[PDB]
Number of protein chains: 6
Amino acid sequence: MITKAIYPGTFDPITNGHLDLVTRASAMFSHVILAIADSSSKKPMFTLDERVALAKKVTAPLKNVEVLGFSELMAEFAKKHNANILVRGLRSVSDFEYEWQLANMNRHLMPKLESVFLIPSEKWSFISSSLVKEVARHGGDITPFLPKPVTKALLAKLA
Amino acid sequence: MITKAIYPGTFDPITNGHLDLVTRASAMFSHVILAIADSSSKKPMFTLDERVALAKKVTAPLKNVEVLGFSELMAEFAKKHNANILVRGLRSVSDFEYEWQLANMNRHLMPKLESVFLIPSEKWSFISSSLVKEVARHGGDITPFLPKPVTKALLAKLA
Amino acid sequence: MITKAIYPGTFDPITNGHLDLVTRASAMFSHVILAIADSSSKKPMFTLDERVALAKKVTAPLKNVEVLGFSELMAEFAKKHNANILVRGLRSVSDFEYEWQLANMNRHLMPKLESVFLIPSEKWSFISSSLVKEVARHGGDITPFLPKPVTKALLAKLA
Amino acid sequence: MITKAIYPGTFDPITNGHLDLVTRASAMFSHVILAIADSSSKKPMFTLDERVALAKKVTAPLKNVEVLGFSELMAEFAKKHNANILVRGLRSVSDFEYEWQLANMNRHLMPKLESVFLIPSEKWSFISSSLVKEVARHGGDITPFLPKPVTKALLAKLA
Amino acid sequence: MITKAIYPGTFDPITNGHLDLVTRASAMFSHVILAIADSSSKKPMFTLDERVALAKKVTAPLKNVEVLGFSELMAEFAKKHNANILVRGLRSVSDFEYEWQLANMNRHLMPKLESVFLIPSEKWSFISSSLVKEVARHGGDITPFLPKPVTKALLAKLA
Amino acid sequence: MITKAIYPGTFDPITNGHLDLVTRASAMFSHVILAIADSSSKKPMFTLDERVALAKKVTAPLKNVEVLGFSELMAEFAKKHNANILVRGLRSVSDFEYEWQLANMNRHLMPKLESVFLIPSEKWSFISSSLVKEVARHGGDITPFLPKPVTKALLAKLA
Ligand SMILES: CC(C)(COP(=O)(O)OP(=O)(O)OC[C@H]1O[C@@H](n2cnc3c(N)ncnc32)[C@H](O)[C@@H]1OP(=O)(O)O)[C@@H](O)C(=O)NCCC(=O)NCCS
Ligand SMILES: CC(C)(COP(=O)(O)OP(=O)(O)OC[C@H]1O[C@@H](n2cnc3c(N)ncnc32)[C@H](O)[C@@H]1OP(=O)(O)O)[C@@H](O)C(=O)NCCC(=O)NCCS
Ligand SMILES: CC(C)(COP(=O)(O)OP(=O)(O)OC[C@H]1O[C@@H](n2cnc3c(N)ncnc32)[C@H](O)[C@@H]1OP(=O)(O)O)[C@@H](O)C(=O)NCCC(=O)NCCS
Ligand SMILES: CC(C)(COP(=O)(O)OP(=O)(O)OC[C@H]1O[C@@H](n2cnc3c(N)ncnc32)[C@H](O)[C@@H]1OP(=O)(O)O)[C@@H](O)C(=O)NCCC(=O)NCCS
Ligand SMILES: CC(C)(COP(=O)(O)OP(=O)(O)OC[C@H]1O[C@@H](n2cnc3c(N)ncnc32)[C@H](O)[C@@H]1OP(=O)(O)O)[C@@H](O)C(=O)NCCC(=O)NCCS
Ligand SMILES: CC(C)(COP(=O)(O)OP(=O)(O)OC[C@H]1O[C@@H](n2cnc3c(N)ncnc32)[C@H](O)[C@@H]1OP(=O)(O)O)[C@@H](O)C(=O)NCCC(=O)NCCS
């Protein structure tokens, strides 16, 4: 039996929370696409190419993980790649509303794609990317929250 | 790659919500144990044997689902059955607290068992077993909420 | 156009929160039944007759409010009284889950009965009956939380 | 006894969720104004005139519903129209905070206007307008979520 | 300036979460009473004397912490001890409702006593005493969740 | 024993909710800095100097409160001022997520700074600054929500 899962997000940038979730998804499913949405209208700090390069560095040890950027409808991209499982995180109760909305919308768009949720380790659940960037903008130490090469890119982006 | 998942609960009795979640788990994983906890101290309405018999009737069409009752530590039962994935439902934000507590406890008890969460269909998410029993006690129609043989057993239990 | 609303609860005992909600419902609808469920299996402190007598004293100034005790299915009682609107309170986010479950169940039981929700005044929203009783058991002052005759009955019940 | 209710919102555009709530309000109250706030500072996709025209098409079968655009304080508009009831939706727990804030503010602005809340059908509760627009921008099917003429206008707005 | 804080609870038994909160309160305030409510009607597993003895062992290194059992109204006990600050934990969003209710009730009972809240370390926030006892009843390892002497007493209580 | 607390925020502008929290913090701690973040990237309505002047007027009666504007990392500012306690508000469950994220981030940035939370009076808990500004923009009365001199400045800012 073969599961092809998609882990979609803007990953701007990939964090230690994302790394925990993709590592766990990697262990459970045959193949995982870490799918990075262009999200142009959402004004990312890093370009799609920069985000893809960071995610590849961070997920390199995971054999059955593939990083792909995409600009289309997520449901269309999943269909294209024959994915049948969408994996998303729930850091705390507050994440539930939007995951429920997305999962219901995706149910309409691609009835065969099942959404499943993982709760990140307690080490990473409080991590908000906006707050990490805010701390970085003020020169605060963000090394615990991001992979090494991500910390390096973020600091460079802000210097 | 082979996933053996456990879907544990008291299932007192199995509802259309449980049926939706086990059917979806059945489609995703190689094998699913629908594991019914004795839960003696939690005072179930149906005996363990009655609950196992109902769950077998309701899950009979699902080839790769096995129904087993258990009285021990859930983590010990999973280890015994070489399960590596625990599947649980999240009906709404309110279910998150207890799933987060259980998942963290289970992480300590069996570090290799991953917990994953499914959100039931909008058709069934509002279903509370206590409220279904309350309605049944007052002679109200509960046919939409439970499989046919479960409705039959519940009505008999209450007549 | 004529609205007959039902405001159902265990009212064990009626509080200043209930009084605020029934007073507001009284102002909006043609007629309001303040319907007191027997709720025998839920072990009320006050008998149904005691609860009905307290609610009558407290709602006496409200011309178009009628207090009735009932032991059947709430939906059946509403049908019996030709009620088309069920009014319930939401004190805070935490009350939402159970109101959503009840409203969906009631939708199945009586499709024509509409449930509508009021948020109690900030003066009363934090009031929990269990906590008021707990404070009363320890001789603490509960006069702000209950109508005068209710405070009198509760104190007598506990002396 | 006569209830004039106001159902205020930005309605950008009116959705099947709004239609469900206004239809239910229509059944309960003598008259309903579906009041569309200009909300200029909130940058709507559709002009006020476009939104009013869509809401009129969608609410045409409801005899006692009137659609009006307004740019002033909602409380002032309600006073102007002698409305005594404000109806708003609660899709899930997450909507509670803002409704509680608005209702308290409106209590100060117009003490006689009562706010009352309806929970939309399970068919529509997960619908977020931002997410529907996002799906539409990517060419995904949004026909289940919006009335036919709204789907038509949205698609045209985005082509 | 001198702060005498009270940290009240049933402490049945004291956990590593309680220890974290009392240690932090100890660092901030001049004196802390760790106040153990008899809570007879709430059916504790450990007697008041057993709970007091466990809390004394666990808080012994904290110079300015005093452990006292009490059976009266918490507000009366605080007044008796001239406490002006009540410290309580918030493990997650789900704890907020009851703390808000208690704090408002305590405001009425003793207007000069201020309630203040601490969030436990991420190491301990998921710990539920009921779930720890449930795991202990089934022979599971609970050593990470309770101080050593508490683990010893609990195991003995259950053997 | 000496507590130096910091109460940080954008205070754009200071509200009666902030005044309640700082007054309570003033009563509990030896010294309180009401610290106003420049928050340039968050586009405040009032300049930092305007916000500092308003906060000084409103906190003038509080002997042990000092108002200071700052543009750096909050943790760095606290270290600079030898603060050991950070005080923040929790108006309702909805505020918990962001306070938990901030508190965890601040734990990493300055391990010795303890965060503690106060719940504002029921009089002020529903107050949202964005909604007060929205009401002010439409000429509605906001006098209950802001100190007198703040109402004066806001009205002038909007005329
Ligand atoms: C991109 C897409 C997957 C959303 O992903 P995402 O959650 O926004 O991406 P990320 O996990 O990397 O995080 C994005 C932002 O929202 C936050 N976020 C993510 N999940 C969240 C949740 N469930 N609740 C609240 N915030 C959340 C992120 O943390 C980040 O905020 P931050 O910058 O402060 O960290 C989704 O919109 C998508 O499928 N895009 C393609 C177009 C499409 O198909 N749209 C319709 C899908 S139904
Ligand atoms: C049995 C066990 C899996 C819990 O399962 P469960 O969720 O209670 O079983 P069910 O899904 O059938 O429901 C049980 C009751 O709690 C409710 N419930 C289930 N999940 C819930 C959630 N996350 N939040 C709130 N309520 C929930 C159920 O609906 C039911 O209530 P109801 O009678 O009104 O319907 C768990 O305690 C267990 O693993 N037992 C074995 C012993 C053990 O190992 N304990 C330690 C595990 S960390
Ligand atoms: C009685 C009935 C209306 C529920 O009412 P109720 O909310 O329990 O009655 P009250 O408002 O007086 O409060 C009952 C208890 O639950 C609490 N409560 C009420 N609404 C709540 C909410 N939505 N969320 C959490 N707790 C709530 C009450 O405060 C009280 O607890 P307390 O003793 O600490 O104060 C309902 O079960 C009923 O319709 N009974 C008749 C039988 C029936 O038809 N059942 C099926 C209906 S779908
Ligand atoms: C317009 C007004 C009624 C708010 O209405 P509204 O809820 O924003 O309008 P809609 O229901 O059509 O939705 C507006 C946006 O916020 C969302 N929303 C609506 N209610 C919500 C809730 N309670 N919680 C979270 N989001 C909500 C909507 O879905 C929409 O977001 P989307 O574009 O992703 O769909 C209100 O601000 C108003 O009265 N305006 C007039 C000026 C005024 O009087 N202001 C002070 C009133 S106290
Ligand atoms: C005892 C008293 C302080 C409550 O304390 P407490 O929170 O129940 O005591 P603990 O922190 O040790 O925990 C008690 C139980 O409720 C849980 N709990 C504690 N705080 C909680 C919260 N805010 N939300 C949900 N559950 C909570 C505990 O974890 C424990 O459950 P568990 O056995 O699964 O672990 C309170 O009722 C009191 O002041 N008692 C004296 C009498 C009185 O004055 N009453 C009126 C006070 S307003
Ligand atoms: C400024 C800082 C303290 C945040 O404070 P703040 O909460 O935003 O300031 P205020 O209390 O005056 O309110 C700011 C806005 O967010 C809202 N808000 C405040 N606390 C909130 C909460 N916990 N949840 C949701 N919204 C909240 C405010 O009400 C206001 O919104 P409004 O304009 O509608 O009223 C924080 O970002 C900071 O420390 N800044 C300095 C830079 C830094 O060190 N960053 C990293 C800290 S971990």
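Values below: all heavy atoms of this structure, side chains included; hydrogens, waters and symmetry mates excluded. By convention in this document, chain letters (A, B, ...) are assigned in the order of the sequence lines, proteins followed by strands, and residues within each chain are numbered from 1. Atoms within a ligand are numbered from 1 in the order they appear, just like the ligands themselves.
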Have a look at ligand 3 and work out which part of C/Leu73, if any, has a heavy atom under 4.0 Å from it: side chain, backbone, both or neither.
both
Atoms of ligand 2 close to B/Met105 [distance to a heavy atom under 4.0 angstrom, numbered from 1]:
48 (S)
Residue-level breakdown please: for C/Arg88 versus ligand 3, do any non-hydrogen atoms fall below 4.0 Å on the side chain, on the backbone, on both, or on neither?
side chain
Verify the contact flag for atom 24 (N) of ligand 3, where contact means a protein heavy atom under 4.0 Å away.
yes
Please determine if B/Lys43 and B/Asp12 form a salt bridge, counting it only when a charged side-chain N lies under 4.0 Å from a carboxylate O.
no
Heavy atom under 4.0 Å from ligand 2: found in B/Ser130's side chain, backbone, both, or neither?
both
Taking a cutoff of less than 4.0 Å between a non-hydrogen atom of the residue and any ligand atom, is B/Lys42 in contact with ligand 2?
yes
Show the atoms of ligand 3 that are less than 4.0 angstrom away from any heavy atom in C/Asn106.
47 (C), 48 (S)
The answer for which part of C/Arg91 has a heavy atom under 4.0 Å from ligand 3 is side chain
As an exercise, identify every atom of ligand 3 less than 4.0 angstrom from a heavy atom of C/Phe11.
12 (O)
Counting from 1 in the order shown, the ligand 3 atoms closer than 4.0 Å to a non-hydrogen atom of B/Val135 are 46 (C)
Does the protein place any heavy atom closer than 4.0 Å to atom 31 (O) of ligand 3?
no
Examine the proximity of ligand 3 to B/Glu134 and report which part, side chain or backbone, both or neither, has a heavy atom under 4.0 Å away.
side chain
If the cut-off is 4.0 Å to any non-hydrogen atom of C/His18, which atoms of ligand 3 fall inside it?
11 (O), 12 (O)
Would you say C/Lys157 has more than 12 foreign heavy atoms packed within less than 6.0 Å of its NZ?
yes
Test item: protein heavy atom less than 4.0 Å from atom 42 (C) of ligand 3
yes
